[PDB]
Amino acid sequence: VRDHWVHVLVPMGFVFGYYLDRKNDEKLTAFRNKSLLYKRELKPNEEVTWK
Amino acid sequence: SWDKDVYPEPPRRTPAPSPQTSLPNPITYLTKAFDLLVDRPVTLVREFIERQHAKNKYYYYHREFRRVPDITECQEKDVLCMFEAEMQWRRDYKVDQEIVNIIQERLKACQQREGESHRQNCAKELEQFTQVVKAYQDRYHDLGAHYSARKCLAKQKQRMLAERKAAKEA
Amino acid sequence: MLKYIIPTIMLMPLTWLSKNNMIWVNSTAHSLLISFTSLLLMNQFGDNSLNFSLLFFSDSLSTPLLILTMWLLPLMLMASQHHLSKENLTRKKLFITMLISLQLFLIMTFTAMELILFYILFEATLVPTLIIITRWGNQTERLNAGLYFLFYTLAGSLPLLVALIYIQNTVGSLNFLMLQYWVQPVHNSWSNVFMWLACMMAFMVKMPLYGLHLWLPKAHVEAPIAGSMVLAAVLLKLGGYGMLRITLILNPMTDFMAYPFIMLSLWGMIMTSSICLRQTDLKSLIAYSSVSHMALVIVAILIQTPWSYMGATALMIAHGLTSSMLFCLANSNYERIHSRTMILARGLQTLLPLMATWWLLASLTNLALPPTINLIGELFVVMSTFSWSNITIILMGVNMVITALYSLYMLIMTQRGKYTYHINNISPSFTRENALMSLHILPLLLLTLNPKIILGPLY
Amino acid sequence: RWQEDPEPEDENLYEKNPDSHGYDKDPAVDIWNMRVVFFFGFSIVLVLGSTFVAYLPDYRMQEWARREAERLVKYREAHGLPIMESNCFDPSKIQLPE
Amino acid sequence: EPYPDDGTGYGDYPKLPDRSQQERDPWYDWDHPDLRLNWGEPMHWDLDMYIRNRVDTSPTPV
Amino acid sequence: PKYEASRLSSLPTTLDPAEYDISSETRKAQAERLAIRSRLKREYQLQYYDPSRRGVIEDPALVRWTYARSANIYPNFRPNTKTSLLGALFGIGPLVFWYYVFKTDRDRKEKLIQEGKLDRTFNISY
Amino acid sequence: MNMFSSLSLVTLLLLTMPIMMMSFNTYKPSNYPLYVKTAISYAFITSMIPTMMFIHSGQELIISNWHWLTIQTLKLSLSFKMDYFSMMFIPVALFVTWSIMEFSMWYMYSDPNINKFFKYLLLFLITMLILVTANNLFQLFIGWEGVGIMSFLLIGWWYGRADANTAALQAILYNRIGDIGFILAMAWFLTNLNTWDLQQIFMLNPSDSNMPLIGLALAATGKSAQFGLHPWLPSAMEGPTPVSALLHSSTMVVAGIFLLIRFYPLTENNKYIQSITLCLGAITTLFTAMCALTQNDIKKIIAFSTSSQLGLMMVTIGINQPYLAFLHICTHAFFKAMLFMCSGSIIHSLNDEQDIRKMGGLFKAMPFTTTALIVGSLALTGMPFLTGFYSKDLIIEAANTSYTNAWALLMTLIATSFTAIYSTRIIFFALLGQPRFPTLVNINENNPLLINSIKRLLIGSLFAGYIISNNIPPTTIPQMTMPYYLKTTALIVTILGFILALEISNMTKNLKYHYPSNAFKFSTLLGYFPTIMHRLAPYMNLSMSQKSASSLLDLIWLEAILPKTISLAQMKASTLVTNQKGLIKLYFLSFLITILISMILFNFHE
Ligand SMILES: CCCCCCCCCCCCO[C@@H]1O[C@H](CO)[C@@H](O[C@H]2O[C@H](CO)[C@@H](O)[C@H](O)[C@H]2O)[C@H](O)[C@H]1O
Ligand SMILES: CCCCCCCCCCCCO[C@@H]1O[C@H](CO)[C@@H](O[C@H]2O[C@H](CO)[C@@H](O)[C@H](O)[C@H]2O)[C@H](O)[C@H]1O
Ligand SMILES: CCCCCCCCCCCCO[C@@H]1O[C@H](CO)[C@@H](O[C@H]2O[C@H](CO)[C@@H](O)[C@H](O)[C@H]2O)[C@H](O)[C@H]1O
Ligand SMILES: CCCCCCCCCCCCO[C@@H]1O[C@H](CO)[C@@H](O[C@H]2O[C@H](CO)[C@@H](O)[C@H](O)[C@H]2O)[C@H](O)[C@H]1O
């Protein structure tokens, strides 16, 4: 609607911001399942421990 | 509901009623009224709620932290090892705060329970409180707001050096 | 933090692309939504901070300051939209843009992992703040207040820049997580004395420390209401937050370097509290009250104990809401009588009964009635300074007496007594004004039920 | 002196709109402004936000620490060990100077 | 009569009697009855210290 | 027993010897005081009673008072032997006084702790 | 236990319900005062059940129901101490407040904000109960400051009156000065014992308790208006009469004494603290009784009566008889509240006249208020077997036979004689002789709210002391062997006080005109303490604020030493640089000087 299309700007900014925060995590996986505290074996269907 | 060894309680000794009067005890009748008017309806509501809970049983767990090398085994400036050693130290520090709280809780319950005989009957709790507070003070006191495993280790070594020095001259 | 930076940025296209008559409605609604999402930063752990990326992290210190910052933006829009009604549309949007850009800098400032990044954003907040005061302030003296504000900050912050760059050369990093592990003790020397002063003076000027506080009463008397709210609520806390971080790398030199600044604060708070008893301008009185409350925070930060750091954090949050309330209360009188003179309009409880309740509640938090978080913060500081030296309780106790006297004096003078006969335009409190007051006090009093979330990392 | 406009008279919003909420001169905008503030401010942020805070999952691990302390106090007292030792770190891992 | 010209900073502001407002006539029709002030009359430099809630300088029977 | 006035207890007006010895020159002055008061009263009442007025009757006396109590001080300030000695006495002096009070207290406390003569048996909160 | 703990909490929750109903949920504004009064009366019933259980078997318990906050090793929980002192005080406070609230429904009938008035009375009572049942110092501090702030709002009830606002702030000022002691004790107990809980404080039982106890003594001084921080209590008569009745009996003023009673396990081992409280109480009881001798305002005489009776409680603390001090709190609540209620009855009938010199001839005109006033005066003066006798007389015997400061003992006995004199003064001038009030007679005490409320306190003023003394369990070894002249000293000095008071009163009828003495002026003007202290100290502080702190420092020298002087230097420097004549000759001449200097002086050519 031409009346209420401005109301998606900030909610879409949050979704885009949320998405980019998750993308940031994919660049910081050098130690995923490699810390002495949390390192373990993968479950049969598990590919990664977190994403 | 809780572990009786962690939060101990002596066996309760209640005297039996031994009236020496013909008057009725108003507390006895209020107790009956309270049991009939308050407790029984409350119990019925709870038992309904507990039946619903029994239909949806599910569980939660106490997180287990594997031990990792402590700050003594970390090479200088090796942040990756320091980080894991530091986080472990912080978790232990929080646990030691709650151990002191458990002992303080034991001490406070003994004081109230023993009434006017508390100065004599609470010696064991007082002694345990004194020892844990001393142990806690040695570990953590004086480290400052920016405390760390490094500063804790430095304090311990200062204490160790003082203990060795005195032992030599003896 | 991108989930907060981007929607904050999107507030600017929203304001500029809104219908002419819907700029306040739209900007207020969506900045409240941003404030709602900021509660996700409460995912805090007992050992580790919330480390988002290479640029931004959040911990128990920055999280409460972040939530206060994002909550204040909709409150500032509510407070400003009335005195800006005559302003033309484009300049209204420019005003809102300055508020939005201030929030963007603030949320980045409080989450910046690297100290030089923190510096740039810490400095960037000056620009919009100065524009708000000088462009939209009401009186001739806003120009002087702008200059004093600008040059007091830069006189201290430029030496901080040199010190920060020097630290990075010596240590190799300014990442705050790195400094936690590579920190080395600061040895005695004249070079280290001036490194300490360069690292601290900029934050002292912002707090402000007694003796470097004269810019703040000026700034408040000249700023528009929104300027006063953000100045008192958040911008002062940039100094406290900065000090809480940088003191990590100044040990053990802080042991003796803090003495002159503890004396200035301990004696400063009694002087500024006493000064409040004689102030004739209501905004100036609230401004001097801030200097006294923040003198406690400086002492707490400088003595570096777990109790003092917890008290400092709670005080910063509690004062932020209380002082912002008091300015909003004083402004609502100004919008009727157009004077800041405290003695001009008296006996307002007779004419504005509900507004007098907000006045009472604000005053009670200002004097730290238990169990408000204002009292929790003050008490934790008093407990920790007693161990530092038992004699401080006398100074702390005297300030508590004087604080009650001037807080209730302000309440008595303006709300009680006889109303001024010739002031016949005291129109009933608007829904907007009542909602603005309650949006301060209600979160403030609700925090008493779960104080741990405003107690900081040392909790 | 110069050619300058006179100071306008301050306008009481209640004259034109006795129902004014004090947000806007336009009654329709005024009512909407009141509604977003009251709904997003009180109904959402303060009510749901307060509820959200009330149910934060063990904020900063305080509850886990108490459970962990109980486990250690139980095990240590059963085995006749000190509840807590003065040494945070094992002395055998430390090499003192001199 | 101005305050003595030292460095204090009074300027030309009048020095008025160091008397509390409580000493003013309570039956006269003051423009400000609570303060016992008339519109336009010069205010004592320390008027805020001499309001009826604060410092009294009234004659005492002893 | 004569009345002795003090700063905080004024001489009663009925015991003031100047109250009774009233000359034609003193009555002339009292008349001029009442003329200023009456002129200001009329100026006020003309606005106070005006049915069309809504707002605040600005009082220049109040504005002059608030202006004098702030902005007018520094322009009329002169650094001289009085303000410098009062400036030093109550500006630097208290800071030096408190510095020595707290510094002495903390040195004494720290010396006892290091020697182990300060009782900190249950002190684990700080 | 389940009934005991459940019912003790329901009492406190019951009192909060009328406050919660102010959210307009299910409210009946028509008669909010009746609703509040009914809640108090029902709370009194529920509180008698656990009180009865304690009397039977000594059942005591602590309820730590809600964990509020843990600060490392300091865990703060909402904890309630349902012990001896809270079990006996709560029913007394509720019973007295029940009469005061019923009385206020008549006294405040024409007040447009009566609903708000009853809300403030209820909030007053709630903060006191928080104070009395608190098991840790932070919770106690909540009630401590709560009653102070409620005192401020109720003393300044008629806020258009400058004197009311002054009195209200004065109570805050003096109580905050006492609060310095309270925070001192909190800081000491945390630093040295790692706790704010009474259990841990008593278990660790420090021997070096001078500092924490002096802090508590200072807190009690302010709250109970002991000498030094005393003037605020007589000034609190600015408030409506129901405020004074509640303030002076069941709430604000006894809090200071109660604080010291709660810490008797520490004070009983500290003879230095005992000496201080003994002498502080003795000068208070003597000095304020002396002031009452010449007061003419009826509310002020009774106000000074409270200060004198509070000083006696502080003496009882001094001689290490905490349970006797507590008993006096409970007995004093009945007849002191009645005395204010009777005075309010007189004031109302005489169209707000409070000067006893304008009363007189009321013995038959107001028969019921007369009966209550006489009974209350006899209970206050220790007439045998009335409520006041079961505490005061035991206190006097305990003091007489104790190892104690001889001067403090004498001051206390004289103050007991002065109690008889100033009670005689009220009866003589208010009730006897001929009327001295105006001609249009509007005397009328026939309202059932007035009669019934005073009636219940009259019954308490006769039997409450006997009933309480016969049910509480012994916790001391009462001293019952003494010479005849130490056993009857209280009765004799009281009787001599009555006789001497009658000589003075009757001499005012002789057609002889007398000049005033210095002693009379000293008594009337309250020892000049308010006149000197309330002018001098505010003047000195307020003068320092504007002259030195604000103007001298913040508007002058802190300006001068930096921003003002720095700007001058740059402006002067700029005029040096820019004031050039624009002459080619002068500029190139400076080039030559620069090149020469660069070589000869600085050797830049090397
Ligand atoms: C998750 C995102 C949440 C964002 C929340 C944003 C809240 C925004 C509130 C907007 C207020 C409504 O805004 C307004 O609504 C009405 C009805 O829809 C619109 O339409 C109106 O036009 C005219 C009025 O002139 C009339 O036909 C009628 O009053 C109405 O239909 C307006 O053109 C619009 O300006
Ligand atoms: C390839 C690079 C270029 C990329 C360009 C991408 C965006 C292009 C947008 C083109 C349309 C812009 O639209 C043009 O500007 C604004 C917003 O619409 C409109 O005018 C505006 O006036 C006011 C605000 O000032 C509001 O009522 C409303 O926002 C709108 O009506 C103009 O009437 C329209 O002509
Ligand atoms: C210690 C760290 C911080 C130090 C900061 C100090 C830097 C200087 C800050 C203020 C800069 C303002 O720059 C200039 O200052 C002077 C006064 O100082 C102002 O001038 C003002 O005070 C002067 C002196 O009383 C008056 O003559 C003048 O009428 C008045 O306007 C100028 O209008 C302003 O342009
Ligand atoms: C810690 C280091 C901080 C370094 C900061 C450097 C800030 C430099 C600020 C600009 C300095 C010049 O600023 C200029 O100063 C002079 C003197 O005060 C002011 O001059 C003003 O005050 C003087 C002093 O009474 C008056 O005589 C004059 O009539 C008035 O105009 C100018 O109005 C101001 O524009």
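- Per the PDB record, the structure was determined using cryo-EM to 2.3 Å resolution.

### A word on the packing of aromatic side chains
Aromatic ring pairs: the centre-centre distance and the angle between the two ring planes describe each pair.
Reasoning step 1: Under the counting rule described, the total for this entry stands at 85 aromatic pairs over all chains.
Reasoning step 2: Look at C:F110 and C:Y241: their rings are 5.2 Å apart centre to centre, the planes differ by 85 degrees, and that puts the pair in the edge-to-face class. Here C:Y241 lies in helix α12 (residues 237-246) and C:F110 lies in helix α4 (residues 89-111), a separation of 131 residues in the sequence.
Reasoning step 3: Here C:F110 falls in the buried class, since its relative accessible area comes to 0%.
Reasoning step 4: Seen from their ring centres, G:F588 and G:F591 are 5.3 Å apart, and the 45 degrees between their planes marks the pair as tilted. Residue G:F588 and its partner G:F591 are both found in helix α24 (residues 584-600); the two are separated by three residues, about one turn of the helix.
Reasoning step 5: In this structure G:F591 comes out as partly exposed when scored by relative accessible area, which is 48%.
Reasoning step 6: Pairwise contacts between aromatic rings join C:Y259, C:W267, C:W388, F:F90, F:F97, F:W98, F:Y99, F:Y100 and F:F102 into one cluster.

### Section: the interface of chain C and chain G
Reasoning step 1: Contacts between chain C and chain G engage 55 residues on the former and 48 residues on the latter.
Reasoning step 2: Between chain C and chain G lies a buried interface of about 4,600 Å² when both sides are counted; carbon and sulfur atoms form 74% of it.
Reasoning step 3: On the chain C side of the interface with chain G, the three residues burying the most area are C:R278, C:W307 and C:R416, jointly 13% of the side's total.
Reasoning step 4: Counting every contact that joins chain C to chain G gives zero salt bridges.

### Description of the pattern of salt bridges
Reasoning step 1: For the structure on display, the rule yields 46 salt bridges over all chains.
Reasoning step 2: When the shortest N-O distance is used, the salt bridge between B:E73 and D:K93 registers 3.2 Å. With B:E73 in the loop between α1 (26-54) and α2 (79-113) and D:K93 in the segment after α3 (62-78), the pair connects residues from two separate chains.
Reasoning step 3: When its relative accessible area of 43% is taken as the criterion, B:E73 is described as partly exposed.

### Focus on the interface of chain F and chain G
Accessible area lost when the parts come together is the quantity often used to give the size of an interface.
Reasoning step 1: At the interface, 19 residues of chain F touch 22 residues of chain G.
Reasoning step 2: Buried surface at the junction of chain F and chain G, summed over both partners, amounts to about 1,800 Å²; 67% is from carbon and sulfur atoms.
Reasoning step 3: The tally of links from chain F across to chain G stands at zero salt bridges.
Reasoning step 4: Connecting chain F to chain G are three residue pairs in polar contact.
Reasoning step 5: Among the residues forming the side of chain F that touches chain G, the class breakdown is nine nonpolar, eight polar and two charged.

### Some thoughts on the side chain of D:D24
Residue and element names in this part refer to chain D.
Reasoning step 1: Its place among the elements puts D24 in the loop between α1 (13-16) and α2 (27-54).
Reasoning step 2: There is no salt bridge for the buried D24, and the closest opposite charge comes from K25, which lies 5.4 Å off by N-O distance.
Reasoning step 3: Within polar-contact distance, the side chain of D24 engages the backbone nitrogen of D26 at 2.7 Å.
Reasoning step 4: Setting aside its immediate chain neighbours within four residues, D24 contacts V29 and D30.

### Details of the UniProt feature "transmembrane region" in chain A
Reasoning step 1: With numbering matched to this structure, UniProt assigns "transmembrane region" to residues 4-20 of chain A.
Reasoning step 2: A distance of 26 Å separates the end C-alpha atoms of residues 4-20 of chain A, which is 71% helix and 0% strand.

### Side note on helix α1 (residues 9-26) of chain A
Reasoning step 1: Taking 1.5 Å per residue, 18 residues should reach 26 Å; α1(A) reaches 26 Å between its end C-alpha atoms and fits that length.
Reasoning step 2: Inspection of α1(A) places A:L9, A:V10, A:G13, A:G17 and A:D21 among the buried residues, and these make up the whole buried set. The buried residues of α1(A) all sit within an arc of 110 degrees when viewed along its axis, so they share a single face.
Reasoning step 3: Here the buried face of α1(A) lies against α1 (2-16) and α2 (23-37) of chain C.

### Regarding the side chain of G:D554
Reasoning step 1: Positionally, G:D554 belongs in helix α23 (residues 529-578).
Reasoning step 2: One buried charged residue, G:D554, forms no salt bridge at all, with the nearest opposite charge on C:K218 at 10 Å.
Reasoning step 3: A distance of 2.5 Å separates a polar atom in the side chain of G:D554 from a polar atom in the side chain of C:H213.
Reasoning step 4: What G:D554 contacts, discounting residues up to four positions off in sequence, is C:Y210, C:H213, C:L214, C:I275, C:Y288, G:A549 and G:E559.

### Some remarks on the site of ligand 4
Reasoning step 1: Taken together, C:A155, G:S567, G:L568, G:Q570 and G:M571 make up all the residues around ligand 4.
Reasoning step 2: Among the chains of the assembly, those with residues near ligand 4 are chains C and G.
Reasoning step 3: Measuring from an oxygen atom of ligand 4, one finds a backbone N or O atom of G:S567 at 3.3 Å.
Reasoning step 4: In the complex, 35% of the free accessible area of ligand 4, which totals 790 Å², lies under the protein chains.
Reasoning step 5: Within the shell around ligand 4, the residues separate by chemical class into three nonpolar, two polar and no charged.

Analysis parameters
- Residues numbered from 1 in each chain as written, not as in the entry; some residues may be left out.
- Chains lettered and ligands numbered in written order.
- Part of a larger assembly, values for the part shown.
- Heavy atoms only, no water.
- Residues with missing side-chain atoms left out of burial classes, pairs and counts.
- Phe/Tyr/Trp six-rings, centres within 6.5 Å; stacked < 30°, edge-to-face > 60°.
- Helix = DSSP H or I, 4+ residues; strand = E, 2+ residues; numbered from the N terminus.
- Buried < 20%, exposed > 50% of the residue type's maximum accessible area, 1.4 Å probe, protein only.
- Contact = heavy atoms within 4.5 Å.
- Buried area = accessible area lost by both parts, 1.4 Å probe.
- Salt bridge = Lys/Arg side-chain N within 4 Å of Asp/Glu carboxyl O.
- Polar contact = N/O pair within 3.5 Å; in protein donor to acceptor, adjacent residues only side chain to side chain.
- Nonpolar A, V, L, I, M, F, W, Y, C, P; charged D, E, K, R; others polar.
- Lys, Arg positive; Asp, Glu negative; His and termini not counted.
- UniProt positions renumbered as here; feature names shortened; annotations may be inferred.
- Expected span 1.5 Å × (residues − 1).
- Arc of directions from axis to C-beta.
- Near = heavy atom within 4 Å.
- Areas by Shrake-Rupley, 256 points an atom, 1.4 Å probe, with all protein chains shown as cover.

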